[PDB]
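Data block below; observations after.
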Amino acid sequence: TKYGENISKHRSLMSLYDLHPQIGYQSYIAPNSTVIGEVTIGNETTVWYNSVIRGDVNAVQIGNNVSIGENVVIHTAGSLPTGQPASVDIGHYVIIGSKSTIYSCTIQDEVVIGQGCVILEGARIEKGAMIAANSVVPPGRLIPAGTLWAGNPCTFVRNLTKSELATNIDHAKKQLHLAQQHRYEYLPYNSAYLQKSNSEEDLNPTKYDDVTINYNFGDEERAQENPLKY
Amino acid sequence: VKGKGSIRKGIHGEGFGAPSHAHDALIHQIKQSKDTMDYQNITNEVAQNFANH
Amino acid sequence: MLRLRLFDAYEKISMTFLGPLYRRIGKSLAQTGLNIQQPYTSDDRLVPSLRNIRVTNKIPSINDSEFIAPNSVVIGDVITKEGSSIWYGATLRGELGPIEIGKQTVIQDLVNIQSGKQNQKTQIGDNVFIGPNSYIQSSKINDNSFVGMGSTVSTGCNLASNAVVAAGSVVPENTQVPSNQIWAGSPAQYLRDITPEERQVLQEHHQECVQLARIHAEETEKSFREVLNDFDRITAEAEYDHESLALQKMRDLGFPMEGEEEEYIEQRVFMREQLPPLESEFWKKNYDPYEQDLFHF
Amino acid sequence: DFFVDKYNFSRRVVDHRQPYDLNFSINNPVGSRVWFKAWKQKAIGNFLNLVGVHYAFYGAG
Amino acid sequence: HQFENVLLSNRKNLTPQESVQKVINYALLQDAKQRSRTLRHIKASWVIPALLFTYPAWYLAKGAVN
Amino acid sequence: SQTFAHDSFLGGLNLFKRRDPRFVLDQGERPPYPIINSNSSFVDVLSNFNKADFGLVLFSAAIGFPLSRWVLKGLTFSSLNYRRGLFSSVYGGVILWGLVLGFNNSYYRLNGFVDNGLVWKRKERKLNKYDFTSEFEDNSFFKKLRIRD
Amino acid sequence: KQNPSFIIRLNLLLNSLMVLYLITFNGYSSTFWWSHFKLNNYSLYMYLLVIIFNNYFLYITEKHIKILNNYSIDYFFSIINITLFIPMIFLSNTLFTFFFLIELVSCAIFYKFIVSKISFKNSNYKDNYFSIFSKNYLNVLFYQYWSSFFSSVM
Amino acid sequence: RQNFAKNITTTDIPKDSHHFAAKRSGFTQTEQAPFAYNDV
Amino acid sequence: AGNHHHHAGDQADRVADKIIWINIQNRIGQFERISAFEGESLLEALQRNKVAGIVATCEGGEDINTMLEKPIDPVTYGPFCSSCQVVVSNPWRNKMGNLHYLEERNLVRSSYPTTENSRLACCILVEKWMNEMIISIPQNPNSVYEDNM
Amino acid sequence: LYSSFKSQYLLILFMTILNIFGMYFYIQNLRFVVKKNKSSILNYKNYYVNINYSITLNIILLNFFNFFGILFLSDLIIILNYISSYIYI
Amino acid sequence: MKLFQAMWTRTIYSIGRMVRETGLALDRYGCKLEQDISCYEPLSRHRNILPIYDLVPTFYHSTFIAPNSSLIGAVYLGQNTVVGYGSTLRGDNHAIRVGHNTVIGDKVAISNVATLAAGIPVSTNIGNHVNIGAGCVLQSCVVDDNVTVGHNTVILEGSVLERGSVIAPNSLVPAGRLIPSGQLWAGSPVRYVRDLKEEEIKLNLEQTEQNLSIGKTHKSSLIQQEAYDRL
Amino acid sequence: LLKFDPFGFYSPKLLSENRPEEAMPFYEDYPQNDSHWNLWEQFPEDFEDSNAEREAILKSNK
Amino acid sequence: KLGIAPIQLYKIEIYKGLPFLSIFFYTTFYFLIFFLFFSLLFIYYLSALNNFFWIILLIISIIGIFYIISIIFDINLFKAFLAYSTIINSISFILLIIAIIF
Ligand SMILES: CCCCCCCCCCCCCCCCCC(=O)OC[C@H](COP(=O)([O-])OCC(O)COP(=O)([O-])OC[C@@H](COC(=O)CCCCCCCCCCCCCCCCC)OC(=O)CCCCCCCCCCCCCCCCC)OC(=O)CCCCCCCCCCCCCCCCC
Ligand SMILES: CCCCCCCCCCCCCCCCCC(=O)OC[C@H](COP(=O)([O-])OCC(O)COP(=O)([O-])OC[C@@H](COC(=O)CCCCCCCCCCCCCCCCC)OC(=O)CCCCCCCCCCCCCCCCC)OC(=O)CCCCCCCCCCCCCCCCC
Ligand SMILES: CCCCCCCCCCCCCCCCCC(=O)OC[C@H](COP(=O)([O-])OCC[N+](C)(C)C)OC(=O)CCCCCCCCCCCCCCCCC
Ligand SMILES: CCCCCCCCCCCCCCCCCC(=O)OC[C@H](COP(=O)([O-])OCC[N+](C)(C)C)OC(=O)CCCCCCCCCCCCCCCCC
Ligand code: FES
């Protein structure tokens, strides 16, 4: 009854009455991925398949040319004990491994998060730091810039060299062409609607609304930069 | 909260501004004790207004 | 006369003739183009709804739930009580074993419940919280239990009421978690005893998530026409001005919205009496004007 | 006709967004009885609102 | 002679070391074939625009400067 | 042979056929065609209306529908009555512009600027000393848009 | 909240019709209406050039408005008046008529400045209960008004 | 950085697989796992 | 890397022990307390905490040869406005020291009244010794039309 | 070139002074154009940045003409001289 | 010539794409003229099998592929391979190859790195009877036959697992390391535990067989309920 | 300096350039010469590169 | 009226207070009509008075150049930059007009 239907009612982008997500140019959000709430995505940012990003409880900021990964859940907290803003902030060239969970945190530029990491609320990862795949950053913990940490709880290993930082930046830049290759496979016009069957509601609306404005106003002049656009 | 922009509701009530913004004592007083003033309390704002005048 | 008649005639002619013709031509061209592009192309598909999947007579009973994410997976013998919430990407494979979810039990994103045994059941009590990326295999979770982000509960585990598992904690197989105790680490071990403030904040977080589940359900469960109206409203608000917003609020309150109605303004703005104060407002302990608490300053 | 390999050539969803004044008497073709009734009401109302303006304009013309 | 899918073949008789080595070699060979195919497709994508639009560009430049 | 008959419904197309790219003739230059009435008043100009002017008005009416719809396509938050009224206003404006064009064509025919069906007894023939367009027009489509003695 | 795209399109349409009239124009080179206006090739070419440039700028403005709407219908009505009355200046045959035409165009430009949008619905939620003073509108009006006064009197 | 493919098909890379040997028995609970590739 | 005293196997320090507290008197006479970090500008900290009373028209200034560099490059253009002024209490103002000539130019060119303790948040760089620093933030002027947007 | 044709060496000098000062006035902004990261200056519509194909096309035509105006300048000069010749001055 | 064939393939593909574009645009314009809102409907564009140009996933019809899953690029599945719900095999930069009777758990993510050192394949290869639990992450790793990987396990680049090796759940295999045959390894950095017994091997074999049977039952039920496309 | 030997003539050089350490990804060592004047990958003349796996699977599927 | 270098600060203020679209239209109107007619006053309309206009134009141009040479490098606003670009072009065109009327 409530949940009985054959066609899924899932949308990648959603808002809660005031919280419209914003996505930059050349940014690919996978159809499986869900991005709901006050979420801002920068330019060339790629969110892979089956990743959830909820900015409903608080704002979420995502930098430019970052990779989020697969099966990654990013969400905010109501507040922090220190009184700091609880919004999620991620810098540029940040790579987040798959299976990872991000709480209200502050990730700076060129940070690399391994696969399956768990960063808890209040964590502050500085520029260039790296995290082992199966490590946990406890709440309110500061990871210094250009340092390597591993384990659960995370513990220091050694400092990172300019070569390692350059390699991380290069990988972040390299993800972009794969994202574009995935993007090119979708046409700007969705053809799924052509596969449905007319229903009574479709053929005769129950109630009518007053024509105010079409959301696709001027789309005959707008460029189809992102094929996955409503 | 529906129709209030970035304002969000807490456990015991709904805030009067965006999350990271500062709470306003004058607005709190207006809401809680609307139209009622036992005495003309001289706050920092009142003192500064007097000085400016 | 002539001009408006020509306008109406052209509108009818277009809507009745050009619309269908262009539609048919476009569909034929789309089919031809897809055929040409094959086998190196894919076309959009009607993604199946995997909520409430029946396997070998096992029918999920989830109708008494507040929020079920549209992209979640619920298969087989999955029973959920009133107020339970299952969020995006959660997979509940109940065919491996029965999956019982209590009242007001929250399961966050990408949470997978799979019984490692052939028919062992998974039982979750009321007011239980399971965070994102959690993995419960088969265990007895009592009421008011908390499971952190990226936490794994192994087979045969039993955690009692008011037992907290820290995020990123792997509970060893066949482990008992007493009440009002915090277990953290990998392998998980007892750390300390839950303080009243920690318990209060955990309860507040659980209540906040339960309430947010209602908003998520309201957003997700919308018709196509309602979603189109929401898109139109957002686009209109992108250009609405302060005067338009003020007019919206005024019409919601009930102010006159027409010139002939302007003469009865006083009946809607001033004549209406103000609601008397609640009697509870007369019992406040203190009435001193509010000021910021300057502790720590 | 109704269906092809995957595309429904008869797919149709009616646009629920229609102007409020659709089917109003004034919107009927000029010269009809319904249109004349609506226009007469509109003209009477306009004259009542502005007796002086209607005079100065129509009588002068 | 005939194509054999080493990954999908039966390697239980061989020792684990030999099995993994054969799998690695087969994977390397198939990856090389895929690399050649994708490189050829990229080369075709390079060649097509040149042949199609070289003469038009020269025509435009010749008209502009002469 | 180069211009449409001034008495035909297509006689209004001679406005686009011009001997030279100038706007107006010099003060003293003889008009290309005999003058019918130099000091023409409004009443006589209206009386001189012709099938060419009627055809210009018909062209304006025919072309005002696509243009009116094009203008209306940028309209939002509009009721049906207001949309129809705006369409009527734009179409009437286009038709009035057509009427103005017909009036100007009648004035030109009266003054001899455009082909009025008459020809001077002795043509004043130029010497085409500078010729950058004769061969181009002959080998191109623009020979239709120019008038040569 | 009606978008002014239709007003801009109407302005473009009537400008194009005026261009057609200029293209089809014929007559003698002389002055008309009491020698207050000059009708010659150079003046008509200036008129046509002004009209063409106004048409192109109106097209670009229409595209921008379709992109985003922060301008009211009165703004583009003022632009319409300016476009209609400004090319007539080059047809002036006397300094008197030139002065009157430029005064009319100045009034139209002052109207355009008056109808400038003032308050925006931005993302700043910190000034809800505080007074913020911006003098740009008054400065524009003051300087335009007084420069016009000085120029007109001189 | 460099993006070329190491595994070329024009010829087989000369190698010795006997200088380094991977341990496969007698491990402890504190010893790290061995390395899969040991060709020089 | 560097600027830390961690050895292999050590636990990360708490952000609470590293946050530098700034106390502010808001434009409305109330008191606020925010947290910042060393290495980021006071303007960045104030904007992150969303403190009212600062317009920041230039939004920190240029991205190269910035005023935040401890040795200020002589080829620096300095601040591009004076819309982030803050009055700093004498104990920390004396530690901050004399003003850069460009910063003083902008401060004096500010349209609103200025104080001898006034300074630009973008030009201020957060330091450890600034802990518990007390400042006041009156309302700053609005420069151009784009501020309202 | 026209100033030289009219034999105005002082006018050429002042024109050159103004030209070089204005040239640096325009050029100095290229220094500010440098940014630490890539900016986000596009309006968001339907949850995505709004890029206008029509304005991009107009900018492309303007860019082409800005780059290759020298090639086609003879035609524009001819047209402008033709327009100005009607003036008898 | 192969180059000419590739050029012709690209040309015909581009022509087909342009034809699709024009057809869909005509359909939308017709809907606009007809006052139809069918086109505007936002429907998930997720495609279970997403082929990159010249890289089409291939799988035997006997395989069960979860509709929630996503196979992209050069992916190769065996006879009765099972892919769990929500698991994604990106395999876009390089190929992903799977065995005849392997099981991939729900939410499993497989993606291979751009490049590796000489002699190390940059593609994921999995044995015939491998069982991979839900929530596992794999990157350019080689797995032999009869290998069980516990749930929430991370396997990095250049990591080779021999036949019969078992990895406990909640453990990570460091990149470029070997897991010998018949041994149990556990811990976030894998550490030697013990040598497997015949009883454990039989239990693992039975578990993977049961998983394959469960996958067959899921495929049958989904086909019955119209949630599975009859390929 | 005595140990330094990027090439494998004196000190043996692994085909895998480096030994990866735990908690770090496996990346190739930066080469001594970083010249980018590299051609597209070269293959033997008449190299067989048909998608044999795909062809076999399609044939089996029928 | 125009806002030429001697009297330019009001133009700077107007540009600061105007929207970008208003500047877009105003620059077009100004340059294509007002300044063109200003030039035609000396070239075509009042050419008989060039024996007096030349010295006034030269003095105005010199004063404006020497007054803006330093001011144009003191601005810190986009609107000011646009306005001063317009002013510099106006001064250059005035010099060209002097050369023409020579
Ligand atoms: C002297 C002092 C000045 C005053 C004199 C009198 C002027 C009268 C003018 C007309 C007034 C119309 C009514 C206005 C009422 C207002 C009050 C009102 O209703 O309020 C509510 C009204 C809203 O309600 P509404 O119902 O929606 O609108 C009212 C009506 O319902 C709907 O509104 P509508 O406007 O759309 O409807 C008007 C329609 C009303 O509709 C009807 O009643 C039915 C339609 C009837 C059509 C009649 C057409 C007749 C044409 C005759 C042509 C003959 C030519 C012959 C050629 C020669 C042949 C041989 O009436 C007309 O069609 C009038 C046209 C008359 C043309 C007469 C031509 C005479 C030419 C003389 C010279 C001849 C020389 C050559 C001679 C040769 C002889 C050999 O408020 C408004 O917003 C109304 C706004 C109207 C604005 C009008 C002004 C527009 C122009 C502004 C220009 C600004 C300056 C810039 C230009 C500079 C110069 C002007
Ligand atoms: C060396 C220095 C040189 C400096 C050059 C400075 C200027 C360069 C940039 C601008 C040049 C003009 C570009 C064309 C206009 C812009 C609009 C347009 O056509 O594109 C939109 C439209 C985009 O269509 P879409 O993307 O399919 O859909 C758009 C919307 O969805 C749906 O669109 P919609 O429905 O909203 O509107 C469709 C309508 C939109 O079109 C418009 O509304 C046009 C707007 C501009 C009007 C003004 C044009 C004036 C042309 C005369 C020359 C002066 C140019 C001044 C330009 C700058 C002024 C500020 O499209 C058309 O019909 C386009 C026709 C364009 C040709 C107009 C010719 C008018 C001639 C009138 C004067 C005749 C001489 C009289 C002699 C009198 C003697 C007594 O473009 C096209 O359809 C074609 C685009 C690609 C080819 C463009 C070819 C341009 C050729 C330019 C030649 C320039 C003169 C020769 C060179 C001179 C120097 C040697
Ligand atoms: C910058 C500003 C804009 C540009 C500059 C502005 C220019 C200003 C100066 C314009 C002068 C125009 C004078 C024209 C006089 C001749 C008119 C004409 O052709 O008449 C021919 C005819 C006469 O033609 P005739 O001259 O041939 O007749 C005489 C003929 N003989 C000599 C043989 C006997 O005129 C008339 O009969 C009517 C005269 C006018 C009657 C009163 C009309 C009042 C109209 C008021 C406005 C109505 C608005 C209605 C709107 C309806 C819709 C809403
Ligand atoms: C030998 C016998 C010869 C017989 C010849 C008989 C025929 C004579 C008439 C031929 C007319 C040819 C076409 C003219 C232009 C049609 C324009 C049109 O309908 O476009 C609609 C279009 C309307 O748009 P649209 O209909 O293309 O669709 C818009 C669709 N969207 C909005 C989604 C993009 O008009 C415009 O867009 C123009 C807008 C600006 C205004 C321009 C006004 C131009 C006025 C031209 C008047 C006629 C000049 C004729 C010159 C003849 C010279 C010889
Ligand atoms: S932000 Fe402008 S000077 Fe500080």
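Chain lettering (A, B, ...) mirrors the order of the structure tokens, residue numbering begins at 1 for each chain separately, and ligand numbering begins at 1 in order of display.
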message = Need the shell around residue 8 (chain B): protein/DNA/RNA residues with any atom at most 10 Å away, counting only C-alpha atoms. Skip same-chain ones fewer than 4 positions apart. Format as a list in words?
response =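 Everything that qualifies: residues 56, 57, 58 and 78 of chain A; 1, 2, 4, 13, 14, 15, 16, 17, 18 and 19 of chain B.
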query = Which residues, written as a ChimeraX atom specification, have at least one atom at most 10 Å from residue 35 (chain H), with only C-alpha atoms counted and residues fewer than 6 positions away on the same chain left out?
reply = /H:20-23 /K:158-160,174-179 /L:19-20
Can you write out the residues you just picked, keeping N, CA and C atoms, as a CSV table (one decimal), in the first residue's frame?
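The resulting part_15.csv:
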```
chain,number,residue,atom,x,y,z
H,20,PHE,N,65.0,-12.6,-4.6
H,20,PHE,CA,64.1,-12.4,-3.5
H,20,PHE,C,63.0,-13.5,-3.5
H,21,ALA,N,62.9,-14.1,-2.3
H,21,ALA,CA,61.9,-15.2,-2.1
H,21,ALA,C,60.9,-14.8,-1.0
H,22,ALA,N,59.6,-15.1,-1.3
H,22,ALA,CA,58.5,-14.7,-0.4
H,22,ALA,C,58.3,-15.9,0.6
H,23,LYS,N,58.3,-15.5,1.9
H,23,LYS,CA,58.0,-16.5,2.9
H,23,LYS,C,56.6,-17.0,2.8
K,158,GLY,N,47.8,-4.6,-6.1
K,158,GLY,CA,49.0,-5.5,-6.2
K,158,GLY,C,48.9,-6.6,-5.1
K,159,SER,N,47.8,-6.8,-4.5
K,159,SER,CA,47.6,-7.8,-3.4
K,159,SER,C,47.2,-9.1,-4.1
K,160,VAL,N,47.9,-10.2,-3.8
K,160,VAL,CA,47.6,-11.5,-4.4
K,160,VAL,C,47.2,-12.4,-3.3
K,174,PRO,N,47.2,-4.9,3.0
K,174,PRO,CA,48.1,-3.8,2.4
K,174,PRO,C,48.4,-4.1,1.0
K,175,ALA,N,48.6,-3.0,0.2
K,175,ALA,CA,48.8,-3.1,-1.2
K,175,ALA,C,50.2,-3.8,-1.4
K,176,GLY,N,50.2,-4.6,-2.5
K,176,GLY,CA,51.4,-5.3,-2.9
K,176,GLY,C,51.9,-6.3,-1.9
K,177,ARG,N,51.0,-7.2,-1.4
K,177,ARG,CA,51.3,-8.2,-0.4
K,177,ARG,C,50.7,-9.5,-0.8
K,178,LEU,N,51.2,-10.6,-0.3
K,178,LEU,CA,50.8,-11.9,-0.6
K,178,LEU,C,50.1,-12.6,0.6
K,179,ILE,N,49.0,-13.3,0.3
K,179,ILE,CA,48.3,-14.1,1.3
K,179,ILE,C,48.4,-15.5,0.9
L,19,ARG,N,58.9,-1.3,-2.3
L,19,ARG,CA,58.2,-2.1,-1.4
L,19,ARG,C,57.1,-1.3,-0.7
L,20,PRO,N,55.8,-1.5,-1.0
L,20,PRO,CA,54.8,-0.7,-0.3
L,20,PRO,C,54.9,-0.9,1.2
```
Per residue of chain M within 7 Å of chain I, what are the shortest atom pair and its distance in Å to one decimal, counting only C-alpha atoms, with rows by chain and residue number, as CSV?
```
residue,atom,partner,partner_atom,distance
M:16,CA,I:144,CA,5.4
M:17,CA,I:145,CA,5.1
M:18,CA,I:145,CA,6.6
M:19,CA,I:145,CA,6.8
M:76,CA,I:80,CA,5.8
```
task = May I ask which of the residues J:43, J:37, J:54, J:28 is the closest one to ligand 4, counting only C-alpha atoms and all ligand atoms?
result =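 That would be J:54, the residue with the smallest distance to ligand 4.
Nearest-residue note for chain C: choosing from K:180, K:78, K:67, K:164, the minimum distance belongs to K:67, counting only C-alpha atoms.
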Using only C-alpha atoms and all ligand atoms, which residues have at least one atom no more than 9 Å from ligand 5? Output them as a compact mmCIF listing (two decimals) with N, CA and C atoms, in the first residue's frame.
```txt
# COMPACT_ATOMS: atom_id res chain seq x y z
N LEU I 43 39.72 37.73 9.54
CA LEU I 43 38.55 37.85 8.67
C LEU I 43 37.98 36.49 8.33
N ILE I 54 30.52 43.08 9.62
CA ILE I 54 31.63 43.13 8.68
C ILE I 54 31.09 42.88 7.29
N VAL I 55 31.41 43.78 6.36
CA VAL I 55 30.95 43.66 4.98
C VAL I 55 31.96 42.91 4.12
N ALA I 56 33.24 43.27 4.23
CA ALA I 56 34.31 42.59 3.50
C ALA I 56 34.05 42.62 1.99
N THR I 57 34.02 43.84 1.45
CA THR I 57 33.73 44.00 0.03
C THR I 57 34.77 43.29 -0.83
N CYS I 58 36.05 43.44 -0.49
CA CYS I 58 37.11 42.80 -1.26
C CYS I 58 37.31 41.33 -0.89
N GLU I 59 36.75 40.89 0.23
CA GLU I 59 36.80 39.48 0.63
C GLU I 59 38.24 38.99 0.78
N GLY I 60 39.03 39.73 1.56
CA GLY I 60 40.36 39.34 1.93
C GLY I 60 41.46 39.91 1.06
N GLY I 61 41.14 40.42 -0.12
CA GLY I 61 42.13 41.00 -0.99
C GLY I 61 42.71 40.01 -1.98
N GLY I 78 48.27 45.48 -1.16
CA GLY I 78 47.61 45.76 0.09
C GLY I 78 46.12 45.50 0.01
N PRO I 79 45.38 45.90 1.05
CA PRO I 79 43.93 45.73 1.02
C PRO I 79 43.29 46.56 -0.08
N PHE I 80 42.18 46.04 -0.61
CA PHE I 80 41.45 46.70 -1.68
C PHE I 80 40.22 47.44 -1.19
N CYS I 81 40.03 47.55 0.12
CA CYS I 81 38.92 48.31 0.68
C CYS I 81 39.19 48.52 2.17
N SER I 82 38.21 49.07 2.88
CA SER I 82 38.31 49.28 4.31
C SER I 82 37.01 48.87 4.99
N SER I 83 36.45 47.74 4.57
CA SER I 83 35.14 47.27 5.02
C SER I 83 35.25 46.08 5.96
N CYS I 84 36.37 45.96 6.68
CA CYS I 84 36.55 44.90 7.66
C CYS I 84 37.24 45.43 8.91
N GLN I 85 37.04 46.70 9.22
CA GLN I 85 37.72 47.31 10.36
C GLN I 85 37.24 46.71 11.67
N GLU I 103 47.71 49.66 4.65
CA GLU I 103 46.61 49.44 5.58
C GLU I 103 46.19 50.75 6.23
N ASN I 106 44.18 52.81 3.73
CA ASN I 106 42.80 52.36 3.62
C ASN I 106 41.99 52.74 4.85
N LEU I 107 42.57 52.58 6.04
CA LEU I 107 41.84 52.91 7.26
C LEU I 107 41.46 54.38 7.30
N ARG I 119 41.92 48.19 12.97
CA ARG I 119 42.75 47.35 12.12
C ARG I 119 41.85 46.54 11.20
N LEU I 120 42.44 46.01 10.14
CA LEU I 120 41.72 45.23 9.14
C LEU I 120 41.84 43.75 9.45
N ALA I 121 40.69 43.07 9.51
CA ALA I 121 40.69 41.65 9.85
C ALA I 121 41.46 40.83 8.83
N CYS I 122 41.30 41.14 7.54
CA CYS I 122 42.02 40.41 6.51
C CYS I 122 43.53 40.57 6.68
N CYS I 123 43.98 41.76 7.07
CA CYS I 123 45.39 42.00 7.30
C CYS I 123 45.88 41.40 8.61
N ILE I 124 44.99 41.13 9.56
CA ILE I 124 45.37 40.48 10.80
C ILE I 124 45.55 38.99 10.56
```
ask   = For the atom pair atom 89 (C, counted along the ligand's line) of ligand 1 and CA of residue 25 (chain D), what is the interatomic distance in Å to one decimal place?
value = 25.0 Å
request  = Please identify every polymer residue within 10 Å of ligand 1, using only C-alpha atoms and all ligand atoms, and present the set as JSON, numbers by chain.
outcome  = {"C": [1], "D": [39, 40, 41, 42, 43, 44, 45, 46, 47, 49, 50, 51, 52, 53, 54, 55, 56, 57, 58, 59, 60, 61], "F": [42, 43, 44, 46, 47, 81, 82, 85, 86, 88, 89]}
message = List the spatial neighbours of region 4-13 of chain H as a list in words - criterion: any atom at most 8 Å away, only C-alpha atoms, same-chain residues fewer than 3 positions off excluded.
response = residues 28 and 32 of chain E; 115, 116, 117, 118, 119 and 120 of chain K; 41, 42, 43 and 44 of chain L
task = Step by step, measure atom-to-atom distances between ligand 4 and each residue using only C-alpha atoms and all ligand atoms, keep those at most 9 Å, then write them as a PyMOL selection string.
result = (chain A and resi 220-221) or (chain F and resi 4+10+13-17+59-60+62-71+73-74+144-145) or (chain G and resi 9-10+12-17+19-20)
Contacts of region 36-50 of chain C within 7 Å, only C-alpha atoms, excl. fewer than 3 positions in-chain, as a PyMOL selection string = (chain A and resi 5-8+190-192) or (chain C and resi 32-33+53+72-74) or (chain K and resi 12-13+16-17+44-45+47+50-51+53-54+56+227)
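Going from CA of residue 142 (chain F) over to CA of residue 127 (chain F), you cover 20.9 Å.
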message = Neighbours of ligand 2 at 6 Å or closer, counting only C-alpha atoms and all ligand atoms: which residues, as a PyMOL selection string?
response = (chain A and resi 220-221) or (chain F and resi 21-23) or (chain G and resi 23+52-53+55-57+59) or (chain J and resi 54+61-62+65+69+72-73+75-76)
request  = Check which residues fall inside 9 Å of ligand 3 when counting only C-alpha atoms and all ligand atoms, and print them as a list in words.
outcome  = residues 61 of chain D; 40, 41, 42, 43, 44, 45 and 46 of chain F; 33, 84, 85, 86, 88, 89, 97, 100, 101, 104 and 105 of chain G
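Straight-line separation from CA of residue 181 (chain C) to CA of residue 148 (chain C): 13.7 Å.
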